[PDB]
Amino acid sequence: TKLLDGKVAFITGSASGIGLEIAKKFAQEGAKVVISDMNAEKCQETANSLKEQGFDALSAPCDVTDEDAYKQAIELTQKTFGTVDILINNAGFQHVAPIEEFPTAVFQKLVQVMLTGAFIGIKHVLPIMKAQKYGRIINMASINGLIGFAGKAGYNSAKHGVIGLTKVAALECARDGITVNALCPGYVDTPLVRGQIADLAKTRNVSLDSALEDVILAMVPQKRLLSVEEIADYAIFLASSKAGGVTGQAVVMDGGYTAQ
């Protein structure tokens, strides 16, 4: 079964972690994938690997805060694969700090990448998806789009914001056969989080396994990291023709974090 057979998916931040797994899993589902990241070296390598494995893949690097570059990356996608069926707004980063020590510029950058970048993508894929009366837009958000976490003023503001953007975008294209959803993971086993576990274990002087099980997963009822494979499986369902009635939703995959 090829759930995304020949569907054209553009995935921002797809050179690492969740975005890279989505791209691999989408290709295996039969999607034509576009690897898009800051790092144009890792983009070209990723797309070349996929091509060598017999997949349709394109390197179209861009900074999602660079509207002109994001625009041309979509136009390159149209020229290569004819259309865009699926946009995954996945590009992001993290800066943890008390509000008092939280540089305004860093706050503005978290918002620009993870909110304005999503808005820029939606703005330039909407005409393609409305012309063909089909589309799937997934904004990679977080449970931090639904609840608060101390030290994450910029991240939680950006992810809250992309849930509002998701709902506005959904309402504007609900008649055009296009869905816009925010996939909200909890803690995922990624380089980023393995970094934070690394950080916690030195800064608290506990083991890597104690940093994970006693602090990172203390408020996770399943007491486990989500796999990138699980996130990509939900993304595949929402991006499929079978999820046409799901739109305007903060779709939560969090091992019960927000249930308590």
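A residue's number is simply how far along the shown sequence it sits, counting from 1.
Peer 1: Compare the mean C-alpha B-factor of 186-194 with that of 129-137 as given in the PDB entry, and name the stretch with the higher value.
Peer 2: For C-alpha atoms only, the mean B-factor is higher in 186-194.
Peer 1: Mean C-alpha B factor from the entry: is it higher for 49-57 or for 197-205?
Peer 2: Here the higher of the two C-alpha B-factor means belongs to 197-205.
Peer 1: Would you check the entry's CA temperature factor for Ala150 and let me know if it's in the chain's lowest, middle or highest third?
Peer 2: According to the entry, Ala150 has a C-alpha B-factor in the chain's middle third.
Peer 1: Of the three thirds of its chain by CA temperature factor, lowest, middle or highest, which one includes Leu110?
Peer 2: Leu110: CA B-factor falls in the lowest third of its chain.
Peer 1: Could you tell me which third, lowest, middle or highest, the C-alpha B-factor of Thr247 occupies within its chain?
Peer 2: CA B-factor rank for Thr247: lowest third.
Peer 1: When the deposited Cα B-factors of this chain's modelled residues are ordered and cut into thirds, is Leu20 in the lowest, the middle or the highest one?
Peer 2: Middle third, going by the recorded CA B-factors of the chain.
Peer 1: Give the position of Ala97 by CA B-factor within its chain, expressed as the lowest, middle or highest third.
Peer 2: Answer is middle: the recorded C-alpha B-factor places it there.
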